[PDB]
Amino acid sequence: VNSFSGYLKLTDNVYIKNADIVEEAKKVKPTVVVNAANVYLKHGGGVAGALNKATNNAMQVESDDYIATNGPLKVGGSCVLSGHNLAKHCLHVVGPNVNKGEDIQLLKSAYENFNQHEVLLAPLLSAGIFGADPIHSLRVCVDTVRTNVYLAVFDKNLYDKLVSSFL
Ligand SMILES: O=C(Nc1ccc(C(=O)N[C@@H]2c3cccc(O)c3C[C@@H]2C(=O)O)cn1)NC1CC1
């Protein structure tokens, strides 16, 4: 049993809710919150901008030190950093950004990072300002992630479309 509330169950291991991932993280304090990161960990907008703002920019400060030491992530890759006031840990995962021309097949590799964590709160990778079709992202999630994932979808209209079209 865990503290995630109000989710619709899609499969054995994937759950979904119309929720602001920032507000959900503040309330559950999950072991892992996933950030929709880019390779530079520049958290300017979308989910990343919102999570970073909620940390009062501490996420960005930590991220800048990470990049200065390690260099950029790979598209499809990830790193574990602090969850600050939102979670124990933040798993920064880089999905492909269609608006940069990145190969959508890398979306499966991106979701594979979730399998290193038993339970996660997450957004749909490559959705929103990353330009991919969220319905496709949900399908890849369900067909790739085997650990327990709680997906937060900010837009109510999109959430309803995601549920109603889910196979
Ligand atoms: O700003 C706050 N939260 C958030 C959460 C998600 C996002 C975000 O870009 N979502 C993506 C998005 C945006 C518009 C339409 C969409 O189809 C999507 C899919 C993405 C998602 O839903 O994952 C931005 N901001 N919280 C402050 C405390 C009030």
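Ligands are counted one by one from 1 in listed order, and the atoms in each one are counted from 1 as well. Note that the numbering runs from 1 along the sequence shown for the chain. Atom set for the values below is all heavy atoms of this structure, side chains included, hydrogens, waters and symmetry mates excluded.
Contact atoms of ligand 1 toward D20: 2 (C), 3 (N), 4 (C), 5 (C), 26 (N), 27 (C), 28 (C), 29 (C) (distance under 4.0 Å to a heavy atom of the residue). Heavy-atom contacts of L158 reach the following atoms of ligand 1: 17 (O) (cutoff under 4.0 Å).
The nearest protein atom to atom 25 (N) of ligand 1, hydrogens excluded, is given as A50 CB, 3.4 Å; this is a heavy-atom distance. With hydrogens left out, the protein atom closest to atom 8 (C) of ligand 1 is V47 CG2, 3.5 Å, a heavy atom. At the top of the distance list for atom 15 (C) of ligand 1, counting protein heavy atoms only, stands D155 CB, 4.3 Å. Nearest protein heavy-atom neighbour of atom 22 (O) of ligand 1: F154 N, 3.0 Å. Looking at atom 23 (O) of ligand 1, its nearest protein heavy atom turns out to be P123 CB, 3.6 Å.
Among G128, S126, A36, the residue whose heavy atom lies nearest to atom 11 (C) of ligand 1 is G128.
Membership of the apolar cluster around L106 extends to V39, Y40, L41, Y66, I67, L73, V75, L81, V94, as traced through chained side-chain contacts below 4.5 Å between ILVMFWY residues.
For the pair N38 and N97, the minimum side-chain heavy-atom distance is 4.5 Å or more. With a 4.5 Å cut-off on side-chain heavy atoms, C90 and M59 count as touching.
For the pair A127 and ligand 1, the shortest N or O to N or O distance does not fall below 3.5 Å.
For the residue pair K108 / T144, a side-chain donor-acceptor distance below 3.5 Å is found, with atom types taken as modelled. A donor-acceptor contact closer than 3.5 angstrom links the side chains of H43 and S63.
The distance from the CG atom of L107 to the CZ atom of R139 is 12.5 Å, given to the nearest 0.5 Å.
Looking at residues two or more places apart in sequence or on another chain, you find a ring-ring contact (aromatic ring centres under 6.0 Å, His included) between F4 and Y7, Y150.
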For side chain to side chain contact (heavy atoms under 4.5 Å, CB included), just list the numbers for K17 and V153, CA-CA rounded to whole Å, side-chain angles, deciding distance to a tenth of an Å, and then say yes or no. CA-CA 6 Å; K17 184 187 184 175; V153 177; over 6 Å; no
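Heavy atoms of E23 found under 4.0 angstrom from ligand 1 belong exclusively to the side chain. The proximity of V22 to ligand 1, defined as any non-hydrogen pair under 4.0 Å, is limited to the side chain.
For atom 5 (C) of ligand 1, the nearest protein heavy atom lies under 4.0 Å away.
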